[PDB]
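One chain follows as structure tokens, the form deposited in one PDB entry.
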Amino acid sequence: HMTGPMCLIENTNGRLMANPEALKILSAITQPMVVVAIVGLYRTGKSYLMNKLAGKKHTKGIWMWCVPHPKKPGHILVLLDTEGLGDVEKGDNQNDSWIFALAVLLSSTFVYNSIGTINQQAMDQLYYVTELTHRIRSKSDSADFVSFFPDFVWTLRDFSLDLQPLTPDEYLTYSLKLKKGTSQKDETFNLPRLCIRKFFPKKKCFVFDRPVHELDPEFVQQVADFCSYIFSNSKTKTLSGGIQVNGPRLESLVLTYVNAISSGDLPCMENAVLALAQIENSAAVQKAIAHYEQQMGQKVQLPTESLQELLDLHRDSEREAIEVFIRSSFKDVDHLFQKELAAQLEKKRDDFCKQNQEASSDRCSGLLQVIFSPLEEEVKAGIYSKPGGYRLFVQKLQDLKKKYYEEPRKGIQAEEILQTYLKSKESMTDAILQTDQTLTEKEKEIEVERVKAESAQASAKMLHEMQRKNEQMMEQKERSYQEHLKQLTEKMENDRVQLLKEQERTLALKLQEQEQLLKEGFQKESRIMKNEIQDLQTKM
């Protein structure tokens, strides 16, 4: 696997470049990923935390380190590390805010590292958080941030304070309290705190003692308690609709967000999802058609006994093909991909019906030759050109028709093939009749009429069967149309339920924060969040 971290998004002299070698690696990782970003200056020694998380034991931008997840089988742990952030203020530091924002968009958990305590200097260095509303777009809207942002973790290295009397989380909570008053310096003080409190769904704080002065036990145990928390609490990275992010999906997100920035636009979460949808829905149609071809290829043997047998085989294969498509697609705006699939499946049906007709014709035409050729040679030899020859011919003929009808699985063309054959021999048959000197004129007159009636009956049947087939085709067409709608409607219902669950989650989180601000007496901010809550509830 990966021997060590690799640069994923390079940041050099003002341009952001997705490393093709890193993407290639991502494109091959099919398993779902838990993505943890480790952010901060080099001096923070966050590099140690990264090695511990990777289970282990310069070019700027975002480095990645993919390893199997230690506690989640079938999942990959993706560590994202910021290199050079705030470390080149006298050099090429023009992309620092973009790097911070990208770490937020790509992760499940966002670990921010700093040294000492949370003081004025600590907050100023975290100014990037106040630029998120200007560097990230939710809809194709910072109020939606909490619905997709990673959980926030603040690690304090070499914690100098001595804190229950005061736990780390309580320390962080107090550190995030706002200042009353409307002075400029106050708004400056409150901005980053408001951003942290309103943008991230969960917050967690960890403090660490100095490593040395082996390493001091307390430190080793704090790092262990940290890694354990991440291994057990960090969630699989997901996008709207509960889409779980794996390698190809992460690759897509990186390209979309980086291309957006390099194009002078803002990285947009909804756009990233729509881009992924174009790729995966196209693939879903292919997978569905492939499944259809496979099933029909193993279950269909032309000619079929009847048309209904063919239509029923197509009906089952089509139902399964649609299930495959529905399961593998998402955000099929205007249902364009499904409409394409429907068109392709209808063409498949028509082709199979044409082939079925051709196969039946071949089979019957062959049996016709095998069964009736002898009689044809007897007639030519003049075996029936004798007294009473007509009645021996008619009986022989009837016996052969019976044999023909007894042949198995002749297909839908059985009747048409035989009648067309008999029609062509009608003249030859009449000759034998009119030539048989043992029959009275009246008897011949009767025979001619019988054959005439028998023929009209036949044409009658074929006409009916032709109308019947047209009805069966129009029927199956309606069934297919209704089957596509049935499965789509079910999927949309499941999507509706999933979205509601997501919105209820967001609502509960916003209510908790909103009420806190209220109790803390921050009327203005509380009302602002009340407005955010109202917009959400209307949409719900």
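Counting begins at 1, following the sequence as shown. Think of the rigid core as the biggest set of C-alphas that the two forms share within 1.5 Å after superposition.
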Between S373 and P374, how many residues of the deposited sequence have no coordinates in this entry: none, 1 to 3, 4 to 9, or 10 or more? none
If I compare the deposited sequence with the modelled residues, how many are absent between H213 and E214: none, 1 to 3, 4 to 9, or 10 or more? 10 or more
What stretch has the higher average Cα B-factor here, 382-390 or 365-373? 382-390
Between 197-205 and 429-437, point out the one with the higher average CA B-factor as the PDB entry records it. 429-437
From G411, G91, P192, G181, which pick has the Cα B-factor that tops the rest in the entry? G181
Go through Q487, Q498, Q472, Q514 one by one and give the residue whose Cα B-factor in the PDB entry is largest. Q514
CA B-factor ranking of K510, expressed as a third of its chain: lowest
Sorting by Cα B-factor within the chain, modelled residues only, which third would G86 end up in: lowest, middle or highest? middle
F159 by Cα B-factor - lowest, middle or highest third of the modelled chain: middle
Quick check for you: using the entry's CA B-factors within this chain, is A122 in the lowest, middle or highest third? middle
Split the chain's modelled residues into thirds by Cα B-factor; is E293 in the lowest, middle or highest one? middle
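Keep in mind the form deposited in another entry is missing from the figure; the text below concerns it.
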Rigid core as reference, CA moved 2 Å or more between the shown form and the other one - which of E305, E454, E376, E170? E376
Tell me whether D87 is among the residues that move between the shown form and the other one (Cα shift of 2 angstroms or more, core superposed). yes
Versus the form shown, are the CA atoms of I196 and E89 closer or farther apart in the other form, given a shift of 3 angstroms or more? closer
So the Cα-Cα distance between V88 and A18 shifts by 3 Å or more in the other form; is it shorter or longer than what we see here? farther
